[PDB]
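Enquirer: Below are the structure tokens for one structure; questions will follow.
Residue numbers (my numbering), protein chains in the order written: chain X, 50 to 230; chain R, 68 to 169; chain C, 257 to 449; chain V, 257 to 449; chain D, 426 to 538; chain S, 426 to 538; chain L, 426 to 538.
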């Protein structure tokens, strides 16, 4: 194990590992800043849409208390779906989403107005979830290098370096003995 | 093209059926978990769910968090929220940034 | 330098069956005796296990094996916590750490200069380990019955504190240790409800 | 210990002209012959390359240089992957690793105990290396044409299996190797469209 | 640890009429699968189970079952060579057939479940 | 750095008649609180300030004053043992009395400011 | 490998009258861009092509061409110093004028293609 070829190679792995640690740490920081912008937008969006949705819901429940027979009929008969396009925010794959009675009538226009903001919430909230996961995956790679890989390289280099010197002294000690023979 | 699903109590999420959303009305941890799993299996793009139903299946929702689709979006009922959606946002800030940035 | 690869330690381990490796990091952490429970070994463990099972008429060897399995799993889990943080572990893994924690500081850690903790009888040792292992056993079942890790810890503050004091229970009052088992079963079942 | 810095190997390398360095790591994963392609060298490579170019009437020298260059590139990529992961690797780098993998497993690895694989003629060697490089070249073009690495790999399972088993094709049936070049180009173009 | 272990006299003592015809092929495929699976496990334990490709995740599980069920048999367990070879096949059946490159089609068709 | 530092014979030079009766208890408590304080500080470094509980924040602040006011005294300042012990009680008062588990109630009632 | 290679008397045999006036400046510039380009290649492997700027992708391409066309000349190719200096400028021409910092605009306007 402790040869000079191993020493030079492990010293090279340390330099690379040190640089990789710095690059990954910078990446995590860059992802964090972009996340900060997105997560604030996520917060504001959610707070607003939560108030609007519940209000639209409370207006519909006040309309219900006609009969459950008629309300069931109206809620039977356009089909809306969504397209999901992928885009990259730095290194992260992220979705882009777009859509494809009297008192009980006004409430319908209430839910219909929610939809654009409800889809926007889905898009932004998912984006932040995906950004957060990338931050954590970057963090694990940083911690692997910082707390495992680099210290193991440092300690092994120090050890081999010491062992090489010990053997060199034992070798000259033998030569001095052989000399006197 | 992806479908949209909704999970919550009848009185709250019924009008979503007007737009052709898969509106389900689960009330127990078992049935709500089944619906989300099948919806995910059927390649739904977004799944909206009331916080009262989401409060019963936190481990199911957490499984799809790092997935592109479906996006499991917590919404209120006509009673309100449990503050879970805003707590999840708040929590992600704490572990990504390290301090309250909101 | 504490490096056991040197000739004296190596030649000794060639002919002895028991290795108590002392640890400097444990000594700094006030963990005494400072025996590294991951690196240490005894090649008499299996034979002693048979002797103990016979003399105690209990499944002692299984308890010792389970206790070491938990400590070994703790070492694996601690590497994950170092990388991702403790909040990333499941409830089952969070429980394993707490049980390992109980083993470490309620059982392994022993004060030589404390009048009661300085010596632990064979009978007392059995009762202490049994109680520690029972908590983990009952808590494990609670998790599979729908209880959450946080709920289990919050509702078992009093009994866990009692487990951690069992090392100081006098040798003539060992009934106070064994009775912790029932208290564990009671409180946890109540938490499930 | 496999340490080539010892006097016998070192003094020998000063007077011989070819070095076939055997590797323990290759031997353990049953990669035979376990010749380290990064450590090894031949001072006759350039002259032999000229001879082969003339015999084959092909650019054999270039193919060998390109083969070794891919292997050297894989080595540099692996230095990062080991201490970072395959997470952030581009499609081009992933293609490089696949081509190098093909060079290692489909060309370098050779079973002395197989009746056909035990010996490979110059012409069969040329055709096998040609095929391997051709896949890399065609896949490379497809990437620049907007095709994804994942798509290129999934659509070329059948043809890459033919490459993997080229080493077992009889010397009298070398046309079954050379024809692979046309399947590579046809299949990959279909993926582009 | 089968990876740094070796036998230099295994070729002429195995095969048809000695053990079974699938002996050498399965031995090579098991070695290759284990070396790759052991590598994947060690990566997953440090960089996460989601850091492995879809196929390496299969190899990681193989190396685990290999150590726990194949290598680990007990100091008082005596397996016939047929039992050993059949068990080897059950583990290789975990991998996609396309990954079994050390084994020819004739053996795969005959023994692979 | 008091964390890796140690005196093995310290018991033979402390306590009533030698220093003061509260010597050993406060020492055990100060060392324990400082180790927990440093642990909380390192946690804030790697995971952020929001990773600490309200108690962890108190211990972290304790470790700061311990270093800045207690350990740090200057190279030309002589502190009597009485001054050292009194200063130790000032830092311990930061922590909730319920957290001073290494000190019995008789010593807490008498000395705690 | 030009990075660890060194000539300690190089400044004594170069310049106007000896080689050409753009000798020292282009040497420092080629050295800087080569080391920077190698760093860029490494960055692409560590963080992906996502992390590369447009300037970064050029330096990476510079280092590639530098090894393959400048350093790799062949064992039977005899380049005059003029041809060598001119090839240096053709490689430096890949970079924006903004990046050519170690070269005074005086000689940059005279030689840059």
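The C-beta atom is built at its ideal place from N, Cα and C for all residues, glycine as well.
Quick one: grab the DSSP three-state call for residue 92 of chain X.
Expert: Note: residue 92 of chain X maps to helix in three-state DSSP.
Enquirer: Between the C-alpha atoms of residue 102 of chain X and residue 163 of chain R, what's the straight-line distance to the nearest angstrom?
Expert: Cα to Cα, residue 102 of chain X sits roughly 29 Å from residue 163 of chain R.
Enquirer: For residue 167 of chain R, which three-state DSSP category applies?
Expert: Residue 167 of chain R falls in the coil class under three-state DSSP.
Enquirer: Whole angstroms is fine: what's the gap from residue 273 of chain C's alpha carbon to residue 302 of chain C's?
Expert: Rounded to whole angstroms, residue 273 of chain C to residue 302 of chain C spans 12 Å at the Cα level.
Enquirer: Taking its Cβ as the centre, do 16 or more other Cβ atoms sit within 10 Å of residue 330 of chain C, making it buried, or is it exposed?
Expert: The residue is buried, with at least 16 neighbouring Cβ atoms inside 10 Å.
Enquirer: Could you check where the alpha helix (DSSP H) with residue 486 of chain L kicks off and where it finishes?
Expert: Run containing residue 486 of chain L: 479–490, per the alpha helix (DSSP H) assignment.
Enquirer: Go through its chain and collect everything with a Cβ distance to residue 367 of chain C's Cβ below 8 Å, but skip five positions before and after it.
Expert: Contacts found: 288, 373, 374.
Enquirer: Taking the alpha-carbon of residue 483 of chain S as reference, which of S/442, S/438, S/517, S/498 has the nearest alpha-carbon?
Expert: Looking at the Cα atoms, S/517 is the closest of the given residues.
Enquirer: Roughly how many angstroms separate the alpha carbons of residue 449 of chain S and residue 511 of chain S, rounded to a whole number?
Expert: Taking the straight line from one Cα to the other gives about 13 Å.
Enquirer: According to DSSP, simplified to helix, strand and coil, what is residue 428 of chain C?
Expert: Helix, per DSSP.
Enquirer: Hey, how far is the Cα of residue 208 of chain X from the Cα of residue 265 of chain C?
Expert: Roughly 18 Å between the two C-alpha positions.
Enquirer: For residue 343 of chain V, is the classification buried or exposed, using 16 other Cβ atoms within 10 angstroms of its Cβ as the cut-off for buried?
Expert: Buried, since its Cβ has 16 or more Cβ neighbours within 10 Å.
Enquirer: Tell me whether the beta-carbon of residue 74 of chain R lies closer than 8 Å to the beta-carbon of residue 94 of chain R.
Expert: Not in contact: residue 74 of chain R and residue 94 of chain R (Cβ atoms no closer than 8 Å).
Enquirer: For residue 91 of chain R, count the other beta carbons within 10 Å of its own beta carbon; 16 or more makes it buried, fewer makes it exposed. Which is it?
Expert: Buried, by the Cβ-count rule.
Enquirer: Would you be able to state if there are at least three C-beta pairs under 8 Å between the region 518–526 of chain L and the region 468–487 of chain L?
Expert: The region 468–487 of chain L is in contact with the region 518–526 of chain L.
Enquirer: Return the Cβ separation of residue 392 of chain C and residue 351 of chain C in integer angstroms, given the expectation that the two are a contact with Cβ distance under 8 Å.
Expert: Yes, residue 392 of chain C and residue 351 of chain C are in contact; Cβ-Cβ is about 7 Å, under 8 Å.
Enquirer: Under DSSP, the beta strand (DSSP E) around residue 144 of chain X begins and ends at which residues?
Expert: That run of the beta strand (DSSP E) goes 141–148.
Enquirer: Under a three-way DSSP split, which group does residue 498 of chain S fall into?
Expert: Reduced to three states, the DSSP call for residue 498 of chain S is coil.
Enquirer: Taking only beta-carbon positions, decide if residue 472 of chain S is within less than 8 Å of chain R.
Expert: Interface residue, yes.
Enquirer: Taking 8 Å as the threshold (C-beta atoms), are residue 457 of chain L and residue 468 of chain L in contact?
Expert: Contact flag unset, no.
Enquirer: Going by C-alpha distance, which of R/152, R/126, R/133 is nearest residue 115 of chain R?
Expert: Nearest C-alpha to residue 115 of chain R: R/152.
Enquirer: Please identify, using Cβ separations under 9 Å, the residues of the region 58–86 of chain X that lie next to chain L, in order along the chain.
Expert: Correct list: 65, 68, 69, 72, 73, 75, 76, 79.
Enquirer: Tell me whether residue 361 of chain C sits in a helix, a strand or coil according to DSSP, three-state version.
Expert: The answer is helix: DSSP assigns residue 361 of chain C an H, G or I state.
Enquirer: Can you confirm whether the region 74–89 of chain X touches the region 133–144 of chain R when touching is taken to mean that 3 or more C-beta pairs between the two stretches lie within less than 8 Å?
Expert: With the cut-off at 8 Å, the region 133–144 of chain R and the region 74–89 of chain X do not touch.
Enquirer: Which first and last residues belong to the beta strand (DSSP E) in which residue 470 of chain L is found?
Expert: Per DSSP, residue 470 of chain L belongs to no beta strand (DSSP E); it is in the alpha helix (DSSP H), 448–472.
Enquirer: Pull the bridge partners of residue 141 of chain R from the DSSP assignment, please.
Expert: Its beta-bridge partners are R/116.
Enquirer: For residue 416 of chain V, count the other beta carbons within 10 Å of its own beta carbon; 16 or more makes it buried, fewer makes it exposed. Which is it?
Expert: Result: buried.
Enquirer: Under 9 Å Cβ-Cβ, which residues of chain D neighbour residue 189 of chain X?
Expert: Under the 9 Å cutoff, chain D gives 471, 472, 473, 476.
Enquirer: Beta-carbon separation of residue 138 of chain R and residue 175 of chain X under 8 Å?
Expert: Yes. Within cutoff.
Enquirer: Look up residue 132 of chain X in the DSSP assignment and give the residues it is bridged to.
Expert: According to DSSP, residue 132 of chain X bridges with X/147.
Enquirer: Give me the Cα-Cα distance between residue 354 of chain V and residue 360 of chain V, rounded to the nearest whole angstrom.
Expert: Cα to Cα, the separation comes out at about 10 Å.
Enquirer: Whole alpha helix (DSSP H) runs in the region 319–371 of chain V with 4 or more residues, listed along the chain?
Expert: Fully enclosed alpha helix (DSSP H) runs of 4 or longer: 347–358.
Enquirer: For chain V, check one thing: does any of its Cβ atoms lie closer than 8 Å to the Cβ of residue 493 of chain D?
Expert: Not one chain V Cβ lies under 8 Å of residue 493 of chain D.
Enquirer: Using the Cα positions of residue 146 of chain R and residue 472 of chain S, report the straight-line distance between them to the nearest angstrom.
Expert: One C-alpha to the other measures close to 36 Å.
Enquirer: How long is the line joining the alpha carbons of residue 117 of chain X and residue 394 of chain C, rounded to whole angstroms?
Expert: So the two alpha carbons sit approximately 49 Å from each other.
Enquirer: Does the beta carbon of residue 150 of chain R sit closer than 8 Å to a beta carbon anywhere in chain S?
Expert: So, not an interface residue.
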